[PDB]
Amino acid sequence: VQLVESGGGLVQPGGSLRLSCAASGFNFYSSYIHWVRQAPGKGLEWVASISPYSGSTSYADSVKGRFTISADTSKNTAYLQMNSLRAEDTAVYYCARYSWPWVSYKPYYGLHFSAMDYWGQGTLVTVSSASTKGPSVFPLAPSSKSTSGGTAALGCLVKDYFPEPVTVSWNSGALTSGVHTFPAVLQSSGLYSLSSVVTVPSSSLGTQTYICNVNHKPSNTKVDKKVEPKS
């Protein structure tokens, strides 16, 4: 079973965006499909639900009249049309499902309720008038003083980008041991920055090559930065 959200991105206040939730591996017609969002640093908030078999819908008061949830059972796909967007709509949007039925009854006993067993990975919607800016990637070079067989650290500084997110890998994903990619920080300038570091054997410097692979999809940017000891 899978759910995959798409359509998120940067949008100006007052603008509109259509999110899609492509379903696979279960009876989409009988399910209930929900949109649940998470604003940065905040909790989960339900937005809307639909029962694809009947077309019935429901909405949170915060979005009634501005958002429309819909479904196409011919394509097993649900949609969230978001209009009149506000900064408070900035969030990761998840699609999730209930298997039918929502609630069942066991005679002479109680009710039994479904829950959200499958969720998508989420798609980020950023409501802002600020413009997209690609990152600059700088080496965090290993020290010359990492002597005689201890541990050295190296990394990459990913500076001055907007909107989120950036992802970082090392050696195209082949290096994960000792990797720490820090949460992005919003700088006072309004642009984000983050760093990614890795620890390696001091002996490995000079014989090994380390590449940080930085992806900023909002600017269609892919940077592969070799991080070397400075000569």
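Numbering starts at 1 and runs along the sequence shown.
*Asks:* Using only the Cα atoms and their B-factors as the entry lists them, report which of 91-99 and 142-150 averages higher.
*Replies:* That would be 142-150.
*Asks:* Tell me which of 1-9 and 220-228 has the higher mean C-alpha B-factor in the deposited entry.
*Replies:* The entry gives the higher C-alpha B-factor average to 1-9.
*Asks:* Determine which member of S104, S129, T132, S136 has the highest CA B-factor, using the values in the deposited entry.
*Replies:* Among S104, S129, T132, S136, the PDB entry lists the largest C-alpha B-factor for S129.
*Asks:* Highest recorded C-alpha temperature factor, please, choosing from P183, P40, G55, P165.
*Replies:* Spelled out: the listed residue with the top C-alpha B-factor is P40.
*Asks:* Please place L157 in the lowest, middle or highest third of its chain according to the CA B-factor in the PDB entry.
*Replies:* For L157, whose C-alpha B-factor we compare with every modelled residue in the chain, the answer is the lowest third.
*Asks:* When the modelled residues of the chain are sorted by Cα temperature factor, does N213 land in the lowest, middle or highest third?
*Replies:* Ranked within chain, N213 CA B lands in the lowest tercile.
*Asks:* For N171, does the deposited CA B-factor place it in the lowest, middle or highest third of the chain?
*Replies:* As the PDB entry reports it, the C-alpha B-factor of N171 lands in the lowest third of its chain.
*Asks:* Grab the CA temperature factor for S177 from the record and place it in the lowest, middle or highest third of its chain.
*Replies:* Within its chain, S177 is a middle-third residue by C-alpha B-factor, going by the deposited values.
*Asks:* Among the chain's modelled residues, which third holds the C-alpha B-factor of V36?
*Replies:* Within its chain, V36 is a lowest-third residue by C-alpha B-factor, going by the deposited values.
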